[PDB]
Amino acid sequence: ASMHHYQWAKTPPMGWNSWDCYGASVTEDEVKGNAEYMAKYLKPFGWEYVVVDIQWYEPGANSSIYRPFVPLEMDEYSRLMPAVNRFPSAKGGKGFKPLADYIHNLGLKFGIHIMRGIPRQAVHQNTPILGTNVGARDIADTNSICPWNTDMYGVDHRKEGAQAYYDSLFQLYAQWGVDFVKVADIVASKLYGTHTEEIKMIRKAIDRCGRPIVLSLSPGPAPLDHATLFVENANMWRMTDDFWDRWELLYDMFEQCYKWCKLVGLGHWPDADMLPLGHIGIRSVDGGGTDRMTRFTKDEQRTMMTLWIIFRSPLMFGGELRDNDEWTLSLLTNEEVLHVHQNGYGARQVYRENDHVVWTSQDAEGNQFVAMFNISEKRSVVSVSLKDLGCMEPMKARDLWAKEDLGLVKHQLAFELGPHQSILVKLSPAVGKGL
């Protein structure tokens, strides 16, 4: 806790993100619909961020597939702005402030996605930059683009006015009341790898703007080689390329959790990415799917929530919330599970063998959480000894998702679990307590 911005995400951010349901193309009405649902059914459980994902500045976006080289909505200072057809309250140069105001009044927080860099249409016209006389063209990198989106060019920190530009972006965002930015094309790039210098300029720009804004970075895989950079400069960073509702990616996440578990801490959260639950693909064609309810089975959905919960990943719901059924809503409203996310710490892989995995973490009151997973293709008993958990005596055991006491455990936990199925258990002391 050396870095002031850690205090802005004491626990891992929880919220909703338009990407998995709406792709690049979410409207004001949809945002607000999801915000209202959150306010009323989710906010008591920690869910507070409402994040407008990529390309809110792209008036014609209608998918997860971007329309390349198209005109973007922009101000007179080379800054992108919301598309007024999609966000009508943005009329009159108001930007996202009205939307942000309405979200804040719900008791909720406001987020946006930005692309690293400065828009290409700005560099080519050479539009001005607020606060300086250099123009957009003079701060652009001559060899730095995003391989999967044509909207921007990279900015070169070595040029006069580079920081001025980033500063000016975060002044705008701060005026609008943004509480959370998800930066893209910054951690992993086929072409260039991690854009470290822009991460630094962005941390600087946030710090200078005077409003607390949580910094999320994307896409992954984040290299461990930049662990220290990430831990000191970002509140979240994506461990993985885009996550979707396919078992192979959920399977894969276990190793990434294992590789990143030691960097997890207050204010600096490796990110397992958004939860493809409920109603997705409405205007997204990504993940090899279209308009659907998540292809994860119920066991898969639990398995994911359980891992993300115990690991302390940010939780960003990715479905259209208003179409949650009760099952889906139950995944988000169980306070006993969420305690593991909010107050747990120390999470670690106890072991992984024959596609059985066990993680454990604890709280400050001496409860110990254990998450046990069968990530194989067959039904099998998964178990762990109390000794391997560091429990030197017998313990009471409770199934947190079912909310049901399991009684006393003297030597080990052991459960028959179908393929892709898990269980999350709380262990609490038996010795020196009532009956």
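All residue numbers refer to positions in the sequence shown, first residue = 1.
Just going by the entry, 362-370 versus 55-63 on mean CA temperature factor gives the higher value to 362-370.
Of the two segments examined, 89-97 and 344-352, it is 89-97 that shows the higher average Cα temperature factor in the deposited entry.
Within the listed group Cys21, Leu424, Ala24, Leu413, the record reports its top CA B-factor for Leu413.
When the C-alpha B factors of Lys204, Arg246, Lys182, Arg79 are read from the deposited coordinates, the top value falls at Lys204.
The PDB entry assigns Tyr49 a C-alpha temperature factor belonging to the lowest third of its chain's modelled residues.
When the modelled residues of the chain are ordered by their C-alpha B factor, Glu335 lands in the highest third. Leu417 sits in the highest third of its chain by CA B factor, as recorded in the PDB entry. In this PDB entry, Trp308 carries a Cα temperature factor that places it within the lowest third of its chain's modelled residues. Ranked by C-alpha B-factor against the other modelled residues of its chain, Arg208 falls in the highest third.
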